[PDB]
Amino acid sequence: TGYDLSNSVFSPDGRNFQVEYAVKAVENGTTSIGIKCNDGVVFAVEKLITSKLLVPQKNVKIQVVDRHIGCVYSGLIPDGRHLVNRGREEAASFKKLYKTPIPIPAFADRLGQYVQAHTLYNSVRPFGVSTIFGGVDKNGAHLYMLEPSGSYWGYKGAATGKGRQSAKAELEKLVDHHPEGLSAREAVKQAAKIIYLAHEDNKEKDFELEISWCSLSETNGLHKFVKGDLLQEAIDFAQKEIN
Amino acid sequence: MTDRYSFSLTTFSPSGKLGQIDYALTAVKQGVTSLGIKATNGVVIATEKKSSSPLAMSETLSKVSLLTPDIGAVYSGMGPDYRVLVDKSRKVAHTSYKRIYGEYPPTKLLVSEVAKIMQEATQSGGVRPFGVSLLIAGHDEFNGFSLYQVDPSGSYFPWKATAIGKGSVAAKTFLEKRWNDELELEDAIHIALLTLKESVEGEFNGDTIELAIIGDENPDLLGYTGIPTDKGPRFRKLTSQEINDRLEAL
Amino acid sequence: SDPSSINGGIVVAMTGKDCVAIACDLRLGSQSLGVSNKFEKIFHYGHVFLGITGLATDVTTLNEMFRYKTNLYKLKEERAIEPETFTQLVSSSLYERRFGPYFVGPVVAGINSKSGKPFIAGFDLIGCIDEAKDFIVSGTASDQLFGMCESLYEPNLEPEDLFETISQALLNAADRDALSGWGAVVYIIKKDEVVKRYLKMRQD
Amino acid sequence: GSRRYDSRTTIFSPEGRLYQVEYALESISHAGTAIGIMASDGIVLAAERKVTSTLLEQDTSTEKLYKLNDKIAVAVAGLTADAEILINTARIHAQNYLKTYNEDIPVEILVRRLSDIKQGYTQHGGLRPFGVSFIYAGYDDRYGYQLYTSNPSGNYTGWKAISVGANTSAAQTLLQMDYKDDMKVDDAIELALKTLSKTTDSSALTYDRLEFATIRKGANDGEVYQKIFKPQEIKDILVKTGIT
Amino acid sequence: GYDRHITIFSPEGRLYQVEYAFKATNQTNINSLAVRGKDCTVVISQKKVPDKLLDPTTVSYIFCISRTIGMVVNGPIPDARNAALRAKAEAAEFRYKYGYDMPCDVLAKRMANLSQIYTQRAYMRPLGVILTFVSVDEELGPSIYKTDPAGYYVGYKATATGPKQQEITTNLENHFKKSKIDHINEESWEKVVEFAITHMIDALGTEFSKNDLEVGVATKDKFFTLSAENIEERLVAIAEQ
Amino acid sequence: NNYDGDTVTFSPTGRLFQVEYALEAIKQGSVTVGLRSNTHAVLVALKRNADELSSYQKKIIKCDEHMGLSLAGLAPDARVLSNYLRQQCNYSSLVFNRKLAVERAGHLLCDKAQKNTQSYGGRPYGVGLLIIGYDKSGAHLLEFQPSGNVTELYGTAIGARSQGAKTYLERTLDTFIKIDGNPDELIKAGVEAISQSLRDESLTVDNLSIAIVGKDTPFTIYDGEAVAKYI
Amino acid sequence: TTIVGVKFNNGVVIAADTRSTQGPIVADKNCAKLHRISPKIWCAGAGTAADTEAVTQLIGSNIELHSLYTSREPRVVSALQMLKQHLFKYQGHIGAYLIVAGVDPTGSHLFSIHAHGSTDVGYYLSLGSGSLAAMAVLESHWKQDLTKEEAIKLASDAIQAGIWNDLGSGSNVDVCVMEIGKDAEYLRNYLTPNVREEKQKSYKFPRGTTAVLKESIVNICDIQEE
Amino acid sequence: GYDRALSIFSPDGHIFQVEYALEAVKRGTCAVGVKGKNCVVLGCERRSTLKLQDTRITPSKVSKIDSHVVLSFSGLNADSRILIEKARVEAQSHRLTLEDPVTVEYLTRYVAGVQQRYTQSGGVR
Amino acid sequence: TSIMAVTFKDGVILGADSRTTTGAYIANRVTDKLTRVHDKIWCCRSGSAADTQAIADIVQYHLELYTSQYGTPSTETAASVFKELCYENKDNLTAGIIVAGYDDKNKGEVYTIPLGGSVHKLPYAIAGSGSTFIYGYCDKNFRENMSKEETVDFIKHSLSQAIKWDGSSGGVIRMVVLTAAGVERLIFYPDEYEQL
Ligand SMILES: *C(=O)[C@@H](C(C)C)[C@@H](O)C(=O)N[C@H](C(=O)N[C@H](C(=O)O)[C@@H](C)CC)C(C)C
Ligand SMILES: *C(=O)[C@@H](C(C)C)[C@@H](O)C(=O)N[C@H](C(=O)N[C@H](C(=O)O)[C@@H](C)CC)C(C)C
Ligand SMILES: [Cl-]
Ligand SMILES: [Mg+2]
Ligand SMILES: [Mg+2]
Ligand SMILES: [Mg+2]
Ligand SMILES: [Mg+2]
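Residue numbers (the authors' numbering), protein chains in the order written: chain F, 2 to 244; chain A, 1 to 250; chain I, 1 to 204; chain B, 1 to 244; chain G, 2 to 242; chain E, 3 to 233; chain H, 1 to 226; chain C, 1 to 125; chain N, 1 to 196.
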């Protein structure tokens, strides 16, 4: 034994225990989801209200990369911010050289290679976040989820954090019951519901809902936050479904 | 990131042993048998092509390598370590000799350069020693024919004939009884094939044996005429057919 | 201003039957001012002889450099360097200063100890090799030496005849150059004896 | 991080010794014996090759006696590959000094340099020390004939006669017994061989197991010759002195 | 026992971190196969999509390195993508510096040499992947060269990688014992893909739908992967004889 | 236990012990309170002395005319992070003729603290900060933890016995948020809040440290007889 | 300097003159302007003679190492890319103008490379002070589908044009023939059209003609034994 | 470069590497210094375990730093050479910039400064 | 050097002369000034042969590596990589480059990069010393959405005039046609285009 004390050490199994320990920090975090719709993507996240002293709508968690990509993460929040900062450098250098805004698959591999690099050496610690991200490019909508190991795939729906099993089940129903696809406005409503349903795992403290979207029709293929009347409409729909 | 292993991974133990060099020599012992014999008019180096799978094409894996037109190398131990040493050995023959003196290094000096690379893996920060022993055979105008062994420590010794790896102890005894100072090259090849048969379990033919000589100049292998002082390489790898012909007179 | 003609001086080398000859004047100047009549321009590293004309600081530096390099060569190779190999070392050494060169005109002369073959070579300041059969010339009176050598020289001269030819080539070329003269030295080189003769010449 | 795997090669023991130096000296004690003897008219270097084979090419072999310049030679005890790194450094220092001052390097200046390089590997860098001890035999026009030794610590000392490697305790007692100040080179040759003959772990001392060298003013008039003895010349001196 | 944590020799002369990296190789539970035709090289790999939420079009272990070279990986995807990006970079730099397309066997040697360094230098860990490189080389013709975490590489007539490699290996060994030739004697690549899929079915004892396989094909001057519908046409031809 | 030797090592339950140990240094530090209305933002700090001969350790640092923080934990680390905020505030003014937004100041402190939690050799910061400011979107109060977590609040407290002040502010939330255009009453509410965290000792003239920033009020610190008014 | 390259049916031929000049003075009457990069890849070099030899030996060395690494015979396009990228880096300060030719697995090739790093393709090329004299002969007599015998004739005729009409060129013609599936033949002094006539007089001196101050034996031998 | 902190504090407020360096000095041959009214004398021990020594060439225990200052030592001989060299260089540097030889106090302060620096620098003992 | 790129209905056509000069001496009379950076992205080179060859080689490398990672690059992306090299190394380069390419989405596109390193997207572009003499002709005769035969005639007639008046231009007129159908090379000899 001792194989789990140092990063980049293969156990006799062929496992990197330090990466597996990072996943535990992710599992410990709040619930965050992603839904791929007809012409775009929707992101949502659970924000635990620790105290009445927290200013509502102010501690924003979802982050924009370039103008077309949304990122949301569960686990160590600072680690997520560090990864998005790197993401913004990658997207800036791509646009500087190639002119076109970075495609989503291209962007995914930039984060992927960077996170994978933090499993190659004992001088660094793996990332304590799973990141759900995506947006709209020239080839249409793309949703991705990226784990501490550097592993990422494309998703129809994605979920991570404490309420992930609950969320995954609700996402699996939508995929089966809508093979022709889901509209952007529908996906915002369904996103609100799934966070409310996933809140049963964090039922001790009350929470604040936060949604964002990129849609070719609804936002012109730019990342925007859901605000005001459209946010309240999605909260009302979510509150109706739990009762 | 940064390489934060700036300290030695090979140190002296209380008994005065260098552990990582001893363990490297153990890895060499587990490796397949290779040998070298020096004749009056040439040198022969030989080894078994231990094929990992029959689907593998063993012609694509070269255990006997040209370093310069007049110097060849064979090994026992870890093949990958040997491959990168052959790359570094070829480059250092140019950078630290041919680019300065306009001629290929003599056998003893190239050996010295390979030894120096292997010594540095024994003392430099954050590296393990090379897990190979090399046998280097060569010719040069002022020293004639020569055969050298190089160990993981960086130590090198000249030999009349020797063997390294799996069945070295038995092979060296066989060579001591057969070797004299009046051997022709054909006689040394005959002895090399006899010696190598003892250490081989399975098939013994031109497809499972790798054998090269340092002999006469080969003008047919030079690739151009018109310069009288360039008469071609002394290193020649024997063909599958050329080995099988000498196995009938065995 | 021109570094190759501040200090002045000349070297010439020739081949004969089983022998080579190399010769130089002894002058060092500061342009018009004569400074030294004892500045020899021929050096040797074992049986290989090197003449160097041009800027005197560089002549001295390059001699010190090739002594250093041939000393280490002998310790590692366990034998004296040969003329053919030394020629390649001079070429390499000069070309590594391609964009900041030594202002010199080197000349190699010697007999290969194994083959017995007479060998001479010349170089430009960045190390290009001229390996002539007949003769090599270098320095501020190189034009004058080309004229003397091209008429006086014949192949396969005996050592004592070759001495007269190279001596007369140097002396008469030196006397038509303002920056060469003030004495002269001739080396006659055979496979296992070398004779060094100082020549009597006009001191103006 | 990396700290976990660091041996810390440059630290003191609670007793104030350098672990790696002490363990390197233990390594050297198992190496073939090398002897240096200084006489009025020259110096002798003798050394024993370690358990050889009948198939080792002896005439082209050199593991023990190396030439540094035309006036200085060394006898090696320890890792040959480590010695060669240092030898090539010493050869360069000698030529650097000759280029700068246009005089051959005095023996003590060359010895101090090599010794200072060894010292550095004990105080900084976190690398293992060189597993080598040298006997320096040399001549210069200030102190004449000189013998020195250096060890992995980087400490060096001067000697009239000295041994390094295996069985130095036994060898130093035999030299201390038969050495005299008015001794000559021919006498010192005989003492060096007699000392190895008695201290060797081999059954008998033969030509194929020895390397031998002399630094004489036995060179026509006022100069110094280094002689690295050939296999046939070692065989002759073994018959002359009456050991075979 | 720190000789099991970093790439230094054990008393037996072994590198445990290299051996454990080989074990990571099989973590994906996927089997790959590579064979050579007359004019082509075919590589097939199992495709498993366990999650219904995954986009199946983005799940792949076959990579287009250059126009001529394809690479299939046996091992975790992060290390696979690490190796892929490096091979792509190396193949592009080669063309720029030396003015011709990097040969399959030379890329394999370079990637193997990189792997060798991770076994000798302590700060770098080995990649838990086995890289199978395929092309139709302009000098050597149809080519299969495979790399592992030890830094070993060799050429192959055909090869197999994964948990059930030995079963596939013996199946192929037996076929080449009968035919007594180094390749599949077939004109079209379509029939060489049909051979590859047939002999994988026989060896593993499982049937395959269009979504259960992933196919790559090397021809003269291009390497390409088949779509689900291109595989379905292959599976129909196998069933109809 | 085995996983607390350095910041580069996760525990089997996914914890970073070196960070949690740095978080402990804050709890040992002296209490400090932060609270704001719509017009003004206030810091109140209980300063700690070594003995009766010694001075009271300063707790409040000015970063710009419109921004500053109070500290609890290692004072030298607060000097490093406050110096970094002074520079980022200064860079914003010089390059963009723009006062640095309080929210963006939080984001920069978070990212600086994070780098020290993912790299070998270094150590986490051993201090917690309460940043107040008035920018283009009105009054703001932030809480910085050396984990990297920065949070925007109406009010809060950090240090020893901070929970008492934090409960009081949670009750008074609806009252003190409405104290607009009355600096004295907002400070009274801050002094009454920090009083809930005292035991044995009371607020004396060289004990108490108050700072305020607002609509037409530069960031100013009150010490000595300037805080006697509020005792 | 007069260098030419001529393509033929099954290969490429390269030719050059043998004169080296320092201003108006002929330094070398038998200069070698043909360089072997690899056994079947040769080039003719014009400009700074030290630069042509240095640049062909550096790339020739790297080509040999590359050939060993890839287990493949070297390609002309490789030598070309490596030469042009080196010369471009040094912005023309390395004064090497080369005609690069050879045979490899791809076929027979002929390129020109200028000191600044530009490359040209062609069936016939010429470089140096004699290029205009040589190119006049090539433009007059070159045709598609030349035989080997015709191409050596055309190449050596183009060099002769340079020898006679150009003051920067003289002495002899060097040729190198690179045919597909054959060893490259390097014909040093293929033509010798400029042998100096017998002199009118012998200038051999009587012995003792030169005045001598001092004689001494030089000690070339090492320090002696005994 | 090698950065490892070899000289560190222990729970009882001791620096063991510095204390173990004093143990090396204890092992060294005895050295003594006595100042009179108009002179100073430096006495040094030579251990008689080493005979067959050449006393002409063997490093002497007292070293001149300048024409007017001397340095003797006890401890590791190889270590002493590095302090003597640095001191001799600083002596000539002082003469070159101040146009006056070092005071004995100044030369001492310099050597002691070098010794101190090697107790809180990374990678050095 | 006379070079042009013209966009028509089915794609884009690149045209160039074949003359390289050292002073008044024609070093090469069969030069190919049309160079491939991708299957359907080509460029016209004007200025230093060494500089334009070096730039094209680096761009071909960048787009090969782009293709391996992100699939086929846009003509706009190719022009951007050319611009980056030309703009960031403006002090040490003499290169005027016309970038021409065919997408299926965007169809035929032409980008010109003059000395400064600026980029200009145009329906057609002319450059090199020869271009000065045909600004009048090209402006009067260019129409959008021409046929292949009309566009080959337009380029042939334009470069014919440029060659006639410019000593720096001459030899053959080379053309490269970029359409959905693929890549066609054309050559037109003096006896053909001189009598126009
Ligand atoms: C030939 O190029 C040179 C040989 C390699 C020694 C030498 O003959 C020479 O310098 N020739 C000069 C020459 O041809 N120069 C051409 C030229 O200037 O056209 C090169 C410099 C190419 C630019 C003659 C003497 C001008
Ligand atoms: C053509 O551009 C060159 C070929 C690519 C070799 C060559 O013929 C040449 O030197 N052309 C010059 C030229 O066109 N230069 C242009 C220009 O004049 O516009 C540069 C300024 C770059 C635009 C002729 C000889 C002037
Ligand atoms: Cl490599
Ligand atoms: Mg005169
Ligand atoms: Mg005069
Ligand atoms: Mg490793
Ligand atoms: Mg014209």
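Quick reminder that beta carbons are idealized off the backbone N, C-alpha and C, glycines included.
Proximity test, Cβ basis, 8 Å: residue i and chain E
i: F:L55; result: yes
Below-8 Å beta-carbon distance, residue i vs any chain H residue
i: B:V185; result: no
i: B:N167; result: no
CB contact below 8 Å: residue i versus chain B
i: I:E77; result: no
i: E:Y86; result: no
Nearest-angstrom Cα separation, counted from residue j out to residue i
i: G:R15; j: A:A27; result: 7 Å
i: C:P11; j: G:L128; result: 42 Å
i: F:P102; j: G:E233; result: 36 Å
i: H:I14; j: G:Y146; result: 39 Å
i: A:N244; j: H:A115; result: 53 Å
i: H:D145; j: H:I163; result: 27 Å
Residue-chain proximity (residue i, chain G), Cβ-Cβ < 8 Å
i: H:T56; result: no
Sequence-distant residues of the same chain with beta carbon closer than 7 Å to residue i, five excluded per side
i: F:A199; result: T32, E47, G164, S167 and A168
i: N:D191; result: none
i: I:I166; result: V12, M14, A21, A23 and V186
i: B:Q123; result: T10
Close-in-space but distant-in-sequence residues of the same chain around residue i (CB under 8 Å, 5 per side omitted)
i: C:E90; result: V102, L107 and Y110
i: I:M201; result: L171, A174, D175, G181, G183 and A184
i: B:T157; result: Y148 and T149
Any residue whose CB is nearer than 6 Å to a heavy atom belonging to ligand 4, listed in chain order: Result: I:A174, I:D175, I:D177, I:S180 and I:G181.
Inter-stretch contact at 8 Å, needing at least 3 Cβ pairs: the region 196–213 of chain A / the region 223–243 of chain A: Touching, yes, given that three or more Cβ pairs across the two stretches are closer than 8 Å.
The region 10–25 of chain G contacting the region 26–38 of chain C, beta-carbon criterion three pairs below 8 Å: Result no; under three Cβ-Cβ pairs closer than 8 Å.
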